[PDB]
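The structure appears right after this line, and notes come after that.
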Amino acid sequence: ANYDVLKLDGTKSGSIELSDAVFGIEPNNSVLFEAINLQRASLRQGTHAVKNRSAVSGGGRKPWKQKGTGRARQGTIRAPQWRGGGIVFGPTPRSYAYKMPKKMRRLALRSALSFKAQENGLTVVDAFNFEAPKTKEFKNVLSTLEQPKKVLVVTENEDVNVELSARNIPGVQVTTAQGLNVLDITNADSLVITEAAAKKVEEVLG
Amino acid sequence: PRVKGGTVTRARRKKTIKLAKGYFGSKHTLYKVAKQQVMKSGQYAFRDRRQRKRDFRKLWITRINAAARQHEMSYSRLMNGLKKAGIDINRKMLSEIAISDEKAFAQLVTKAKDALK
Amino acid sequence: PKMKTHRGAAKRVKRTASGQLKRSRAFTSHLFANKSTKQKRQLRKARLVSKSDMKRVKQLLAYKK
Amino acid sequence: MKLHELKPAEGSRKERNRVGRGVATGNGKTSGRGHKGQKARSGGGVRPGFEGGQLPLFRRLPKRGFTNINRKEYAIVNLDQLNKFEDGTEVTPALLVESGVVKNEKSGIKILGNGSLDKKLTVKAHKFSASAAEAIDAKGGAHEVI
RNA sequence: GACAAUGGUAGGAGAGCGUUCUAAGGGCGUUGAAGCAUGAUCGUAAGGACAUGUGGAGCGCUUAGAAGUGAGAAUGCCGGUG
RNA sequence: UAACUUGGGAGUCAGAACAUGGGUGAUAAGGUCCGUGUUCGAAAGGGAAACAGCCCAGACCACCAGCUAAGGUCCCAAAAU
RNA sequence: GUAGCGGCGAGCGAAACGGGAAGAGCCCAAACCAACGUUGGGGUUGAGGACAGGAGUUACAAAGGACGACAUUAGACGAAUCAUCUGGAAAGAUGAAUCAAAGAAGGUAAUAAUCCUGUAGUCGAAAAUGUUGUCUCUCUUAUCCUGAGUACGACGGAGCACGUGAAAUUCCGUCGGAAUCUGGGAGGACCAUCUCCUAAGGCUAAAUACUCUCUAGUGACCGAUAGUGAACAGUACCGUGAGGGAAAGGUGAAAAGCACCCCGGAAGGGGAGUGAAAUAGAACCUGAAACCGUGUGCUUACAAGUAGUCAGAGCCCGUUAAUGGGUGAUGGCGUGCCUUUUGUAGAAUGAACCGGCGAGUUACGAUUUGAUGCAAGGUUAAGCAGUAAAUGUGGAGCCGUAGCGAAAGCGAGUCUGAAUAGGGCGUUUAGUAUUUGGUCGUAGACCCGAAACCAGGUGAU
Ligand SMILES: [K+]
Ligand SMILES: [Mg+2]
Ligand SMILES: [Mg+2]
Ligand SMILES: [Mg+2]
Ligand SMILES: [Mg+2]
Ligand SMILES: [Mg+2]
Ligand SMILES: [Mg+2]
Ligand SMILES: [Mg+2]
Ligand SMILES: [Mg+2]
Ligand SMILES: [Mg+2]
Ligand SMILES: [Mg+2]
Ligand SMILES: [Mg+2]
Ligand SMILES: [Mg+2]
Ligand SMILES: [Mg+2]
Ligand SMILES: [Mg+2]
Ligand SMILES: [Mg+2]
Ligand SMILES: [Mg+2]
Ligand SMILES: [Mg+2]
Ligand SMILES: [Mg+2]
Ligand SMILES: [Mg+2]
Ligand SMILES: [Mg+2]
Ligand SMILES: [Mg+2]
Ligand SMILES: [Mg+2]
Ligand SMILES: [Mg+2]
Ligand SMILES: [Mg+2]
Ligand SMILES: [Mg+2]
Ligand SMILES: [Mg+2]
Ligand SMILES: [Mg+2]
Ligand SMILES: [Mg+2]
Ligand SMILES: [Mg+2]
Ligand SMILES: [Mg+2]
Ligand SMILES: [Mg+2]
Ligand SMILES: [Mg+2]
Ligand SMILES: [Mg+2]
Ligand SMILES: [Mg+2]
Ligand SMILES: [Mg+2]
Ligand SMILES: [Mg+2]
Ligand SMILES: [Mg+2]
Ligand SMILES: [Mg+2]
Ligand SMILES: [Mg+2]
Ligand SMILES: [Mg+2]
Ligand SMILES: [Mg+2]
Ligand SMILES: [Mg+2]
Ligand SMILES: [Mg+2]
Ligand SMILES: [Mg+2]
Ligand SMILES: [Mg+2]
Ligand SMILES: [Mg+2]
Ligand SMILES: [Mg+2]
Ligand SMILES: [Mg+2]
Ligand SMILES: [Mg+2]
Ligand SMILES: [Mg+2]
Ligand SMILES: [Mg+2]
Ligand SMILES: [Mg+2]
Ligand SMILES: [Mg+2]
Ligand SMILES: [Mg+2]
Ligand SMILES: [Mg+2]
Ligand SMILES: [Mg+2]
Ligand SMILES: [Mg+2]
Ligand SMILES: [Mg+2]
Ligand SMILES: [Mg+2]
Ligand SMILES: [Mg+2]
Ligand SMILES: [Mg+2]
Ligand SMILES: [Mg+2]
């Protein structure tokens with residue numbers, strides 16, 4: 001319910017009220033697992049192919065007559081048991097993406113955010129004050145907030161200077177409130193979200 | 001992705017070949033005949049673990065027969081007497097006593113004869 | 001691709017509420033002089049597709065609800 | 001839940017059966033197909049409903065009936081579904097659609113008589129069953145045909 | 001603790017072993033990885049370690065995901081050698 | 001100590017001997033076709049010299065313990081010259 | 001996978017409505033004027049026509065110039081590390097630093113954000129090529145007619161989802177052959193009314209299809225029997241020809257690629273050197289198995305055999321130290337494996353041996369089970385936005401909440417029936433979406449194998 005709001009220097013600048021319907025639910029692990037699996041599968045390109053016996057070059061003619069030579073009967077030099085022959089089955093190009101009900105997606109996002117809330121992985125900041133990109137300044141800011149290595153930074157809209165300053169730091173990822181996804185939240189050890197971004201997330205996810 | 005054949009085939013076959021150590025010629029060398037002979041060896045050993053108990057009971061009985069005929073008695077009558085006397089010494093022990101301690105065996109024969117008369 | 005309904009079957013059965021198939025009766029086309037009065041009267045009454053036949057033909061009518 | 005500690009729900013996942021991979025699985029060699037005949041062949045087996053040459057069931061049975069091109073099918077609302085509206089409400093197809101009572105309107109709305117109506121209402125529908133009209137008017141309400 | 005059951009082809013059901021790849025976590029490696037070779041090692045099986053030699057730069061483990069995932073027979077295909 | 005019902009998944013549609021009730025054949029066939037039972041099939045172990053189908057008997061694993069079944073006890077070869 | 005078509009078999013299989021992407025409308029012929037039938041003017045439709053600045057080379061007419069823009073085809077700059085240890089070599093380990101709009105990647109004597117080439121970011125074109133904006137430059141301000149060998153019809157065919165059928169609608173051959181706004185055509189035979197449209201002339205961007213290519217990239221794609229046939233080739237080789245069609249990758253960090261001596265004609269070796277390593281010496285990383293040899297610890301020349309197994313002395317050793325290892329006089333027991341069979345030691349099939357490769361897969365539908373979300377409701381599809389993502393939006397559509405009947409219909413009932421009868425199917429709640437597993441269907445559908453059939457070519461050396 002009541003979460004402390006911090007200044008980038010690390011001082012308590014105030015307090016915020018975040019709804020228990022977004023950050024205070026019991027995480028649903030089955031739905032969250034399904035969401036993570038869905039997102040990882042949607043990332044697959046699926047470009048993988050082999051040549052079956054029809055696609056391998058040549059192989060039109062019968063290699064030798066059916067009977068009389070003493071050899072095994074053969075139909076084409078590109079049959080699967082032949083060296084250099086066609087592949088039986090094997091990979092064929094396809095998509096791995098699938099879908100789940102919208103309510104399950106929302107429940108998964110809420111579960112990830114709530115898990116961050118329980119494990120003390122939620123840090124609310126007053127506002128990011130970055131006029132010019134400087135990776136060193138953002139690094140020091142994360143130092144002053146006592147943040148772990150894996151941190152997800154959430155701003156209300158696309159903040160270009162924050163994204164530029166935090167881009168090159170390994171373990172640090174930046175997203176907007178609209179762009180929150182389960183993989184990104186789950187990977188992070190802690191969440192650093194502004195007051196406005198927290199309010200927007202609470203509004204959109206109810 | 002593609003799974004190459006890899007090393008598992010060689011490892012499995014080499015296990016069988018090592019199990020065929022000491023076999024004659026190709027039977028300790030070539031995987032196919034070695035596998036057949038190791039299967040045969042397992043089946044034989046299973047059968048022979050059961051046959052061994054029969055064989056050793058037979059050996060003990062033969063020895064007990066010899067020892068009892070040394071006292072003017074047959075095996076069958078001696079065992080009948082020992083059973084009627086309430087003596088529960090089994091055949092391995094009786095044969096070992098006959099080999100090791102002739103006098104104790106003679107006393108056992110005396111008890112068996114007494115229980116019959 | 002979609003499975004295709006057996007159109008000949010679809011012209012001969014209807015699905016009931018419980019999922020069974022109501023069917024018409026054979027021997028009702030002609031040669032009525034050779035069947036007795038009661039035979040024809042009772043052959044006017046519809047039957048169901050038997051369970052043994054359902055086991056064989058269910059996929060042919062999967063779309064006919 | 002961490003990415004290094006993922007767990008599917010119990011009973012939600014199951015390993016697929018791979019036939020023709022050795023005797024111990026129980027589906028090696030013949031791969032569950034038994035021995036020989038048509039059903040043992042790749043691409044083998046008769047078409048569904050084939051009875052081996054005995055006249056099939058859907059040929060020994062006659063065709064029946066026809067399909068009406070102008071068949072009218074109505075969306076149906078029973079009395080028990082009208083109980084969600086407050087007393088004095090004016091029920092209309094727009095209101096029934098907006099309230100989730102009717103998803104697809106079809107050829108029109110018809111009120112049927114299942115359930116009990118315990119609320120006075122004014123109902124405008126294309127069709128009414130006799131018991132629906134009687135129970136709507138009996139409870140003090142009115143109905144109109146639109 | 002105390003009773004029962006546990007031969008098995010077609011076939012049905014269950015549980016596991018191992019292979020390659022991916023994600024996350026945590027590790028190993030020129031003070032020597034994978035591979036190979038030897039050994040009197042461990043596990044109920046598939047199989048898993050350790051030690052030593054060879055080798056000379058990559059590779060395990062945990063959890064989950066995906067498969068070109070396991071060969072002794074096809075007068076199978078190719079190569080090598082009897 | 002099963003039985004039935006409803007669903008998911010099958011395989012099977014070449015059978016064999018023995019005993020017994022019968023057809024057929026010649027009160028022939030290790031013949032052939034039906035009824036009944038067993039075994040083999042899909043069953044190892046002991047007996048029948050050897051010997052799927054006969055007799056005893058159904059192997060979870062280990063034991064250099066014991067009692068028995070059919071069948072046996074002069075030697076081969078366990079147990080009565 | 002509906003309506004329909006269909007030896008009403010196997011199968012074939014729409015369209016309109018609705019939701020979206022894209023969006024654009026126009027020019028003639030004719031009447032009628034001017035001129036000497038041919039040119040101009042004029043006109044273009046659902047009732048119109050005759051008569052009475054704004055648009056443009058993407059259709060709507062068509063050729064050009066000026067200046068600017070952008071982009072493409074070369075490039076340029078581009079932050080930040082030192083030390084010790086082990087090593088042949090440091091990027092590894094250890095200690096202490098730094099940069100970051102740059103922690104993509106590759107190289108460098110092992111594994112590098114700070115060594116190199118780069119990356120983020122910024123800059124750049126003499127010339128040519130495009131796309132483009134402005135200026136310019138162009139052009140403009142119901143009396144008569146309305147597509148005739150036409151529509152249409154018969155016969156024969158074809159195309160329409162539709163096999164000639166109740167067959168409309170479209171086209172072809174042959175033969176016939178209209179009407180003229182009171183006109184003509186369609187609304188699934190046909191007729192009448194009604195409704196919608198206006199054939200027998202032409203033009204038109206976009207949304208859509210494909211990839212030999214080019215540029216920049218990507219992959220729970222291959223990694224030398226794989227992946228292209230081809231990492232070094234449509235070559236070698238085969239064939240008269242059309243045509244068929246391989247095998248073959250790896251020294252080392254650096255050639256430092258072995259001076260010199262010795263045997264030998266040489267080949268090949270043994271030394272000596274180089275190198276971290278030469279059992280890395282070019283037939284060059286690793287170097288399995290079959291197979292071929294040399295040495296010997298135990299054993300074997302009176303013995304009858306699927307070669308082992310169980311028992312067991314003797315001899316020889318000594319381990320992942322375990323009631324150890326090797327061999328084995330002698331005794332018991334014992335007719336390989338696979339396939340196919342009632343039944344195989346079978347004298348039925350298959351395998352010389354070793355190695356590699358070699359067979360239920362995927363897509364879209366159906367059904368069922370398990371899982372999960374929501375629940376009288378559940379759920380979107382295309383599309384749009386987004387990073388080829390998750391996701392957001394999108395409610396058209398789909399299933400369910402009600403069935404019965406051939407249908408009209410009626411409705412917790414309904415059908416049959418004259419029935420207030422009896423009987424059939426129903427009512428007296430639970431569905432739906434995604435997904436693991438099983439199975440089915442359409443696809444080559446577990447893999448290999450015909451004899452053949454058809455089409456287009458090549459051959460009378
Ligand atoms: K033969
Ligand atoms: Mg071909
Ligand atoms: Mg690979
Ligand atoms: Mg292999
Ligand atoms: Mg009739
Ligand atoms: Mg089985
Ligand atoms: Mg096999
Ligand atoms: Mg079968
Ligand atoms: Mg077979
Ligand atoms: Mg058969
Ligand atoms: Mg086939
Ligand atoms: Mg069993
Ligand atoms: Mg048993
Ligand atoms: Mg199974
Ligand atoms: Mg399993
Ligand atoms: Mg496994
Ligand atoms: Mg590997
Ligand atoms: Mg394979
Ligand atoms: Mg072979
Ligand atoms: Mg040879
Ligand atoms: Mg007889
Ligand atoms: Mg017979
Ligand atoms: Mg009989
Ligand atoms: Mg039985
Ligand atoms: Mg037996
Ligand atoms: Mg026996
Ligand atoms: Mg016997
Ligand atoms: Mg005899
Ligand atoms: Mg015997
Ligand atoms: Mg006999
Ligand atoms: Mg006794
Ligand atoms: Mg004897
Ligand atoms: Mg004796
Ligand atoms: Mg530079
Ligand atoms: Mg630099
Ligand atoms: Mg250094
Ligand atoms: Mg016209
Ligand atoms: Mg036609
Ligand atoms: Mg037509
Ligand atoms: Mg028609
Ligand atoms: Mg017409
Ligand atoms: Mg290789
Ligand atoms: Mg190749
Ligand atoms: Mg290939
Ligand atoms: Mg040299
Ligand atoms: Mg030399
Ligand atoms: Mg030399
Ligand atoms: Mg040298
Ligand atoms: Mg070496
Ligand atoms: Mg080598
Ligand atoms: Mg002699
Ligand atoms: Mg001798
Ligand atoms: Mg001999
Ligand atoms: Mg023997
Ligand atoms: Mg059989
Ligand atoms: Mg036979
Ligand atoms: Mg044999
Ligand atoms: Mg022979
Ligand atoms: Mg054969
Ligand atoms: Mg052969
Ligand atoms: Mg082979
Ligand atoms: Mg299949
Ligand atoms: Mg079936």
Side-chain angles (χ1 to χ4, degrees), chain A residues 30-31 34 37 39-40 42-45 47-50 57-58 61 66 70-75 79-85 87-92 94 98 100-101 103-105 107 133 135-136 164 167-168 170 178 181-183 187, chain B residues 1-8 10 23-24 27 30 32 36-37 40-41 44-45 48 51-53 56 58 61-62 74-76 90 92, chain C residues 1-5 8 11 16-17 22 45-46 59 62-63, chain D residues 2-7 9 11-14 16 19-22 31-32 34-35 42-43 48 64-66 68 76 100 112-114 129:
Chain A
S30 312
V31 171
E34 191 60 50
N37 192 73
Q39 190 175 352
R40 276 257 290 139
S42 62
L43 290 165
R44 285 187 78 162
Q45 196 165 293
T47 50
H48 41 48
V50 296
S57 136
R61 64 173 62 170
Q66 173 91 348
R71 306 269 324 243
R73 61 220 186 174
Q74 306 286 354
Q81 79 269 34
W82 286 66
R83 167 185 185 277
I87 311 310
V88 173
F89 304 140
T92 175
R94 51 183 179 121
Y98 61 100
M100 65 165 27
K103 284 167 178 150
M104 300 183 51
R105 317 174 206 171
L107 179 62
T135 300
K136 163 119 73 153
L164 290 203
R167 212 165 53 171
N168 209 56
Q178 165 201 141
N181 60 88
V182 282
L183 250 190
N187 197 42
Chain B
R2 175 163 188 261
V3 184
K4 270 179 106 273
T7 66
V8 301
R10 179 169 40 228
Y23 295 178
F24 174 82
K27 285 174 189 258
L30 316 177
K32 279 157 202 176
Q36 299 182 198
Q37 197 57 62
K40 259 286 193 179
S41 289
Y44 280 153
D48 288 351
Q51 294 195 312
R52 187 206 286 133
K53 299 143 176 63
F56 272 87
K58 173 156 89 116
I61 285 173
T62 305
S74 68
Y75 168 90
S76 50
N90 69 26
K92 193 213 284 206
Chain C
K2 290 181 193 192
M3 206 159 57
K4 290 220 185 178
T5 302
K11 279 158 186 173
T16 75
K22 166 182 186 181
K45 291 313 167 201
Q59 286 276 89
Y63 282 116
Chain D
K2 302 286 285 152
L3 295 173
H4 48 274
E5 289 170 5
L6 300 175
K7 276 298 157 154
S12 74
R13 309 307 264 216
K14 177 143 156 218
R16 76 195 283 175
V19 303
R21 292 300 184 282
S31 308
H35 283 284
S42 152
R64 173 159 185 105
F66 73 108
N68 184 29
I76 55 157
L112 295 184
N114 231 51
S129 80

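Residue numbering restarts at 1 for every chain, and letters A, B, ... go by the order of the sequence lines. Just the heavy atoms: all of them, side chains too, but no hydrogens, waters or symmetry mates, feed the values below.
- Contacts of C:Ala46 with the nucleic acid, taken as non-hydrogen atoms under 4.0 Å apart, are absent.
- Shown here are the side chain to side chain contact (heavy atoms under 4.5 Å, CB included) partners of C:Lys45, two or more places apart in sequence or in another chain: C:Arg47.
- When the nearest nucleotides of RNA chain G are assigned to C:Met3 and A:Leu107 by heavy-atom distance, the more 5′-ward of the two goes with C:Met3.
- Distances were taken from every side-chain heavy atom of A:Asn181 (C-beta onward) to each of F:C63, G:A307, G:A389; the shortest belongs to G:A389.
- With the cut-off at 3.5 Å for both distances, F:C40 forms a Watson-Crick or G-U wobble pair with F:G15.
- In this pair, B:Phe56 lays its aromatic ring flat on the base of F:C64, centres within 5.5 Å and planes under 30 degrees apart.
- With hydrogens and angles left out, the side chain of B:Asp48 and the base of G:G332 share a donor-acceptor pair within 3.5 Å.
- Nearest to the side-chain atoms of C:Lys2 among the listed nucleotides G:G449, G:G405, G:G1 stands G:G1.
- Nucleic acid contact for B:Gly5: sugar-phosphate only, since backbone atoms but no base atoms lie under 4.0 Å from a heavy atom of the residue.
- Taking only side-chain atoms of B:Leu30, from C-beta outward, the nucleotide of G:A359, G:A433, G:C353 with the closest atom is G:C353.
- The base of E:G35 does not come close enough to the side chain of B:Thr7 for any donor and acceptor atom to sit less than 3.5 Å apart.
- Comparing the same atom, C1', in G:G56 and in G:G25 gives a spacing of 15 Å after rounding to whole Å.
- Glycosidic conformation, G:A110: syn, with the torsion inside 90° of 0.
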Each nucleotide N or O in nucleotides 8-12 of chain F that has a protein N or O under 3.5 Å away: list the pair and distance.
{"unit_1": "F:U12", "atom_1": "OP1", "unit_2": "D:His35", "atom_2": "N", "d": "3.0"}

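- Under the 5.5 Å centre and 30° plane thresholds, the six-membered base rings of G:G18 and G:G19 are judged to be stacked.
- Taking the side chain as every heavy atom from C-beta outward, D:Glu5 and D:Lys7 never approach each other to under 4.5 Å.
- Out of G:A307, F:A80, E:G25, the shortest distance to the side chain of B:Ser76 is found at F:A80.
- With RNA chain E read from its 5' end, the first of the two nearest nucleotides for A:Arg71 and D:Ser31 is the one closest to D:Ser31.
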Legend entry - Pairing annotation in dot-bracket form, given for RNA chain E with Watson-Crick or G-U pairs under 3.5 Å and | for cross-strand partners: ................(.(((((((.((......(((((.((....))|)))))...)).)))))))..).....||||||.
Inset, instruction - Would you give a per-nucleotide map of nucleotides 221-228 of chain G, 5' to 3', where B means the base has a protein non-hydrogen atom under 4.0 Å away, S means only the sugar-phosphate does, and - means neither? - result: SSSSSSSS
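- When the P atom is used for both G:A14 and G:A161, the distance is 8 Å, rounded to whole Å.
- With both atom-pair distances required to fall under 3.5 Å, no Watson-Crick or G-U wobble pair links G:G43 to G:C315.
- In this model, a side-chain donor or acceptor of A:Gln45 finds a partner on the base of G:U218 within 3.5 Å.
- The side chain of A:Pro80 lies closest to G:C448, out of G:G438, G:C333, G:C448.
- The separation of E:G68 from G:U434, taken at their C1' atoms, amounts to 29 Å, rounded to a whole angstrom.
- Applying the 90° criterion around 0 to the glycosidic angle, G:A375 comes out anti.
- Here A:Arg73 pairs with nothing under the side-chain hydrogen bond (donor to acceptor under 3.5 Å, both in side chains) rule; sequence neighbours left out.
- Nearest-nucleotide assignment on RNA chain G puts the 5′-proximal partner with C:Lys4, out of C:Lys4 and A:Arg94.
- Judged by the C1'-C2'-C3'-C4' torsion, which is negative here, the sugar of G:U296 sits on the south, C2'-endo side.
- Residues passing the side-chain hydrogen bond (donor to acceptor under 3.5 Å, both in side chains) test with A:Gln45, sequence neighbours excluded: A:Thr47.
- Comparing atom distances between the A:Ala79 side chain and each of G:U416, G:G1, G:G449 picks out G:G449 as nearest.
- Checked against side chain to side chain contact (heavy atoms under 4.5 Å, CB included), A:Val50 has the following partners two or more places apart in sequence or in another chain: A:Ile87, A:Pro91.
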Inset, instruction - Sugar-phosphate atoms are those with a prime plus P, OP1 and OP2; base atoms are the rest. Using that split, label each nucleotide of nucleotides 45-53 of chain E B, S or - for protein heavy atoms under 4.0 Å, 5' to 3'. - result: --B------
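- Put simply, the side chain of A:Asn168 and the base of G:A100 share a donor and an acceptor less than 3.5 Å apart.
- Using a cut-off of 5.5 angstrom for ring-centre distance and 30 degrees for interplanar angle, E:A46 is classed as not stacked on E:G47.
- G:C152 and G:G40 make neither a Watson-Crick nor a G-U wobble pair with both donor-acceptor distances under 3.5 Å.
- Comparing atom distances between the A:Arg61 side chain and each of G:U372, G:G243, G:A100 picks out G:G243 as nearest.
- Taking 4.5 Å as the limit, every side-chain heavy atom of B:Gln37 sits out of range of all side-chain heavy atoms of B:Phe24.
- Side-chain atoms of C:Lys11 and base atoms of G:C8 include a donor and an acceptor less than 3.5 Å apart.
- Under the rule of centres below 5.5 angstrom and planes below 30 degrees, the bases of G:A412 and G:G413 are not stacked.
- G:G269: glycosidic angle beyond 90° from 0, hence anti.
- In this structure B:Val3 satisfies the side chain to side chain contact (heavy atoms under 4.5 Å, CB included) test with no other residue, sequence neighbours excluded.
- For the pair B:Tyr44 OH and G:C333 P, the interatomic distance rounds to 13 Å; values are reported in whole Å.
- A Watson-Crick or G-U wobble pair does not link G:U414 to G:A366 when both relevant atom distances must lie under 3.5 Å.
- Nucleotides G:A47 and G:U146 qualify as a pair under the Watson-Crick or G-U wobble definition, both contacts being shorter than 3.5 Å.
- Of the listed nucleotides (G:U309, G:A406, G:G360), G:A406 has the atom at the smallest distance from the side chain of D:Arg64.
- Base stacking between strand neighbours G:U323 and G:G324 is absent under the criterion of six-membered ring centres closer than 5.5 Å and ring planes inclined by less than 30 degrees.
- Partners of A:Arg83 by side chain to side chain contact (heavy atoms under 4.5 Å, CB included), not counting sequence neighbours: none found.
- F:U12: no Watson-Crick or G-U partner with both key distances under 3.5 Å is found in any strand.
- Judged by ring centres under 5.5 angstrom apart and ring planes under 30 degrees, E:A40 does not stack on its strand neighbour E:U41.
- Evaluation of the side-chain hydrogen bond (donor to acceptor under 3.5 Å, both in side chains) rule for B:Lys40 yields B:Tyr44 as partners, not counting sequence neighbours.
- Using a 4.0 Å heavy-atom criterion, one finds that B:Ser41 contacts the sugar-phosphate atoms exclusively.
- Because its glycosidic torsion is more than 90° from 0, G:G265 is reported here as anti.
- Contact of D:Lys14 with G:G438 (side chain to base): no donor-acceptor pair of N or O atoms is detected under 3.5 Å.
- Projected onto RNA chain E by closest heavy-atom contact, A:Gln66 and A:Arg40 fall at different nucleotides, the more 5' of which corresponds to A:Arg40.
- Shown here, G:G118 is classed anti by the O4'-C1'-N9-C4 or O4'-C1'-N1-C2 angle, which is more than 90° from 0.
- Every residue was checked against the side-chain hydrogen bond (donor to acceptor under 3.5 Å, both in side chains) condition with B:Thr62, not counting sequence neighbours, and none meets it.
- At a cut-off of 3.5 angstrom, counting only N and O atoms as typed in the model, there is a donor on one side and an acceptor on the other between the side-chain of C:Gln59 and the base of G:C440.
- Note on B:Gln36: a base of the nucleic acid sits closer than 4.0 angstrom, heavy atoms only.
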